[PDB]
Every structure is written in C-alpha cells, then in structure tokens.
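First up is the structure itself, then whatever we jot down about it.
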Amino acid sequence: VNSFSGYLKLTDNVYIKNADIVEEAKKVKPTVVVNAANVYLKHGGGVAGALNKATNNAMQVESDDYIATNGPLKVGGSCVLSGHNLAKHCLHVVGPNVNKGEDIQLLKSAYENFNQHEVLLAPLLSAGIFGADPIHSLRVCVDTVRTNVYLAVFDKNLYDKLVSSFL
Ligand SMILES: CN(C)C[C@@H](CO)Nc1ncnc2[nH]ccc12
Ligand SMILES: [Cl-]
C-alpha cells in the first residue's frame, strides 16, 4: 500500500492520472520523481523547467555541478540526484527528443531506467515538448517498466485520449 490516490490502473504495475507532476510530488513526496531531462541537465521547459522552478533552482545548481564533474548523460540514460523539496530522489531520464532528430527506439532504453526503482512518480517520456507520440510513449512504458509506476499526464484532453485509446 502506498499514498498515491485517484489513479486509474492500466496493468499490474502501471497507473495513470490527469495531474500536474509538480503538485503531485509536493503532495505525495514520493521516494522517486522522474524528470524528463536532457543530456546537459538544462531544466528550461516542460516537466524539467517546472520541477526545477518548484525547487527554487536548487535542482539546476545541483545539476550543473553534476555535469561539470561527469559530463553529459546519454540519450536513453539517467542519473539519480536529490529530490529536493519534491521527493527523496529525482531520477533524471533522457528520452529521445524528436525535435532534435533523435532515434525513437531509444525510448525503450530510457524507460528501462525505471526498473532500478521499486516505485516511481513519472511523466510520459519523450512526450510534450520532446515531440513524440504520447500514445506510443504510454505503450512503451507499459511494455518496458516492470516496477510500479504512477504516471502524471498534465493535459486533461490528452489524458482522456490516452485512457480511451489504451489497449
Ligand atoms: C504537457 N504534456 C503534453 C507533456 C508532459 C510530458 O509528457 N508534460 C508534463 N507532464 C506532467 N506534468 C507536467 N508538469 C509540467 C509539464 C508536465
Ligand atoms: Cl512537456
């Protein structure tokens, strides 16, 4: 039993809700919140900009030190950093950005990072401003993630389309 509330159950392990991931994380304070990161951990917009703003830029400061030490992530890769005031940990995961010409096949690799954590609050990877089809992202999530994932879909219209189209 966990404290996530109001989710629709899609499969044994995947749950979904129309919600603002910032507000959800603040309410639940999950062990792991997933950020829709880029390889430079530059949290400018989309989920990343919103999560970073909610940390008063502390996420960006921490991320800049991470990059200075380790260099960029790989597309499809991840790193674990602090969750600041939002969660215990933030799993920064880089899905492919179609608006940059990146290989959509890497979306499965991106979701594989979730399997290293028993329970996560997460967005749909490569959706929104990353330019991929969210129906596809949800399908890859369901077919790749085996741990317990609570998906927050900000757009209510998109959420209804995702539920109504789910196979
Ligand atoms: C907007 N939508 C079409 C894309 C999704 C990523 O697929 N973006 C989010 N999902 C959940 N919470 C969020 N807060 C801020 C942005 C955001
Ligand atoms: Cl977005």
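Residue numbering restarts at 1 in every chain; chains get A, B, ... in the order shown in the structure tokens, and ligands count up from 1 in that same order.
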Using only C-alpha atoms and all ligand atoms, find each residue of chain A with at least one atom at most 10 Å away from an atom of ligand 1; report its shortest atom-to-atom pair and that distance in Å (one decimal), sort the rows by chain and rising residue number, and return the result as a tab-separated table.
```
residue	atom	partner	partner_atom_place_in_ligand_line	distance
A:17	CA	ligand 1	11 (C)	9.6
A:18	CA	ligand 1	11 (C)	8.2
A:19	CA	ligand 1	12 (N)	6.4
A:20	CA	ligand 1	12 (N)	4.4
A:21	CA	ligand 1	12 (N)	4.0
A:22	CA	ligand 1	14 (N)	6.0
A:23	CA	ligand 1	14 (N)	8.5
A:24	CA	ligand 1	12 (N)	8.7
A:25	CA	ligand 1	12 (N)	9.9
A:35	CA	ligand 1	13 (C)	9.4
A:36	CA	ligand 1	6 (C)	7.3
A:45	CA	ligand 1	16 (C)	7.8
A:46	CA	ligand 1	16 (C)	4.5
A:47	CA	ligand 1	16 (C)	3.6
A:48	CA	ligand 1	15 (C)	7.3
A:49	CA	ligand 1	15 (C)	7.5
A:50	CA	ligand 1	15 (C)	5.3
A:51	CA	ligand 1	14 (N)	7.3
A:121	CA	ligand 1	11 (C)	9.9
A:122	CA	ligand 1	11 (C)	7.7
A:123	CA	ligand 1	10 (N)	5.0
A:124	CA	ligand 1	7 (O)	4.2
A:125	CA	ligand 1	7 (O)	5.7
A:126	CA	ligand 1	7 (O)	6.2
A:127	CA	ligand 1	7 (O)	3.6
A:128	CA	ligand 1	4 (C)	3.3
A:129	CA	ligand 1	4 (C)	6.6
A:130	CA	ligand 1	7 (O)	7.8
A:131	CA	ligand 1	7 (O)	9.0
A:132	CA	ligand 1	7 (O)	8.7
A:133	CA	ligand 1	7 (O)	9.2
A:134	CA	ligand 1	7 (O)	6.7
A:137	CA	ligand 1	7 (O)	8.3
A:138	CA	ligand 1	7 (O)	9.4
A:151	CA	ligand 1	11 (C)	8.0
A:152	CA	ligand 1	11 (C)	5.0
A:153	CA	ligand 1	11 (C)	4.6
A:154	CA	ligand 1	11 (C)	4.2
A:155	CA	ligand 1	3 (C)	5.5
A:156	CA	ligand 1	3 (C)	9.0
A:157	CA	ligand 1	3 (C)	9.2
A:158	CA	ligand 1	3 (C)	6.8
A:159	CA	ligand 1	3 (C)	8.9
```
message: Residues within 8 Å of stretch 77-84 of chain A, please, as a list in words. Count only C-alpha atoms; anything in the same chain fewer than 6 positions from it doesn't count.
response: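 Those residues are residues 32, 33, 55, 58, 59, 62, 63, 90, 91, 92, 93, 94, 95, 109, 110 and 113 of chain A.
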| Just asking: which residues within chain A are strand (DSSP E) according to DSSP, as a PyMOL selection string? | chain A and resi 8-9+14-18+32-36+78-82+89-93+119-122+148-153
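Note that the spacing between atom CA of residue A:143 and atom CA of residue A:104 amounts to 15.0 Å.
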Distance query residue A:106 at most 8 Å, only C-alpha atoms, self and fewer than 5 positions along chain excluded, as a PDB file with N, CA, C and O atoms, in the first residue's frame:
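In the end it all went to out_2.pdb:
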```pdb
ATOM      1  N   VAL A  75      21.580   9.940 -24.403  1.00  0.00           N
ATOM      2  CA  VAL A  75      20.166   9.756 -24.732  1.00  0.00           C
ATOM      3  C   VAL A  75      19.790   8.313 -24.432  1.00  0.00           C
ATOM      4  O   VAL A  75      20.462   7.375 -24.877  1.00  0.00           O
ATOM      5  N   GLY A  76      18.725   8.127 -23.651  1.00  0.00           N
ATOM      6  CA  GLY A  76      18.353   6.830 -23.126  1.00  0.00           C
ATOM      7  C   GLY A  76      18.879   6.555 -21.738  1.00  0.00           C
ATOM      8  O   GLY A  76      18.494   5.541 -21.137  1.00  0.00           O
ATOM      9  N   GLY A  95      14.813  10.824 -22.470  1.00  0.00           N
ATOM     10  CA  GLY A  95      14.196  10.222 -23.620  1.00  0.00           C
ATOM     11  C   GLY A  95      14.652  10.923 -24.883  1.00  0.00           C
ATOM     12  O   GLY A  95      15.112  12.070 -24.852  1.00  0.00           O
ATOM     13  N   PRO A  96      14.532  10.253 -26.024  1.00  0.00           N
ATOM     14  CA  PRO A  96      14.878  10.909 -27.286  1.00  0.00           C
ATOM     15  C   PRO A  96      13.971  12.100 -27.572  1.00  0.00           C
ATOM     16  O   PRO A  96      12.764  12.078 -27.316  1.00  0.00           O
TER      17      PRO A  96
END
```
